[PDB]
Amino acid sequence: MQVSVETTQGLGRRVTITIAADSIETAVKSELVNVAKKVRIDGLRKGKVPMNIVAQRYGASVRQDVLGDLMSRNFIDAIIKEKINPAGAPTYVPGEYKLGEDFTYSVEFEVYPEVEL
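Residues numbered from 1 in each chain as written, not as in the entry; some residues may be left out. Heavy atoms only, no water.

As documented in the archive entry, the model was determined using X-ray crystallography at 2.15 Å resolution.

**Regarding the sheet that holds strand β1 (residues 2-7)**
Put simply, the rule reads: Whether two strands pair comes down to DSSP finding at least two bridges between them. Strands are runs of DSSP state E lasting at least two residues, helices are runs of H or I lasting at least four, and both sets are numbered from the N terminus onward. For helices, the fitted line uses only the C-alpha atoms of the stretch in contact; every axis is such a line through C-alpha atoms, and the angle between N-to-C directions lies from 0 to 180 degrees.
Pairing is antiparallel across the open sheet formed by four strands, whose spatial order is β1-β2-β4-β3. Every other strand in the sheet has two partners, leaving β1 and β3 (87-94) as the edge strands with one partner each. Going from strand to strand, the sheet's axes swing by 20° on average, the running direction of each strand aside. In this sheet, strand β2 (residues 12-19) lies alongside β1 in antiparallel orientation, the contact comprising six bridges. The residue of β2 that forms the bridge with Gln2 is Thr18.

**Details of helix α2 (residues 51-81)**
Heads up, the rule is: A helix is expected to span 1.5 Å multiplied by its residue count minus one. Working definition for bend: take the seven residues up to and ending at a residue and the seven starting at it, fit an axis to each, and measure the angle between the axes. Throughout, a residue-residue contact means that at least one pair of heavy atoms, one from each residue, lies within 4.5 Å.
Its 31 residues give α2 an end-to-end C-alpha distance of only 38 Å, which falls more than 12% under 45 Å, the value for a rise of 1.5 Å per residue. Where α2 bends most, the angle comes to about 60°, and this point is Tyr58. Buried residues along α2 sit in contact with β1, β2, α1 (21-36), β3 and β4 (103-110). Looking one or two residues beyond α2, the residue adopting positive phi is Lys83, at roughly 50°.

**Brief notes about unusual backbone geometry**
We count it as follows: Burial classification: accessible surface area is computed with a 1.4 Å probe over protein chains only, and a residue below 20% of its type maximum counts as buried, one above 50% as exposed, and the rest as partly exposed.
Phi is positive for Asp42, close to 60°, though the residue is something other than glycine. You can see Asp42 is positioned in the loop between α1 and α2. Relative accessible area serves as the criterion here: at 69%, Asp42 is assigned to the exposed category. For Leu117, which is not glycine, the phi dihedral falls at a positive 65°. Here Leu117 is to be found in the segment after β4.

**With respect to α1**
Counted at 1.5 Å a residue, the expected span for α1 with its 16 residues is 22 Å, and the 23 Å between its end C-alpha atoms agrees. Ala21, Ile24, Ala27, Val28, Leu32, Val35 and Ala36 are the residues of α1 that are buried. Summarising the contacts, the buried residues of α1 are in contact with β2, α2 and β4.

**Concerning the packing of α1 against α2**
How we decide: For classification purposes, an angle smaller than 35 degrees is called roughly parallel, one larger than 145 roughly antiparallel, one from 65 to 115 roughly perpendicular, and anything else oblique. Here is the rule for handedness: rotate from the far helix to the near one, and if that takes an anticlockwise turn smaller than a right angle the crossing is left-handed, while a clockwise turn gives right-handed. The classification used treats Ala, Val, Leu, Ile, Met, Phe, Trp, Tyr, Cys and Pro as nonpolar, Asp, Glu, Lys and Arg as charged, and all other residues, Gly among them, as polar.
It is at 9 Å that the axes of α1 and α2 come closest, and there the two elements cross at 125°. Put simply, α1 runs oblique to α2. For the element pair α1 and α2, the recorded crossing hand is right-handed. Residue-level contacts link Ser23, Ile24, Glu25, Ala27, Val28, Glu31, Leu32, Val35 and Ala36 of α1 to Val54, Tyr58, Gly59, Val62, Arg63, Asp65, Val66, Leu67 and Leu70 of α2. Tallied by class, residues from the contact of α1 with α2 come to 12 nonpolar, two polar and four charged.

Here it is, written out as structure tokens:
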């Protein structure tokens, strides 16, 4: 929902990204549908499990999965878009996550010299 680049100091940069609360819930909801298909209660048909039960058992873990996925997925799209190239492994600095609310986080890294002449 929002991508901002900042210069920290020297070759240092910081990419701040906001993921829409809506994008999160939509992803959580769809991954839960996929999880349901892998679940088998007793000897009953696989995928035959109440949604509310799937939510109770896997809801939190799926939410953790979606946020991590979106955090890196969006960061990578962002640096491609902004044509910014990190030196080494960037540092993720998560913001405070609040259920049913937009999520903001930052990624810090140094840029580097391209081959010249």
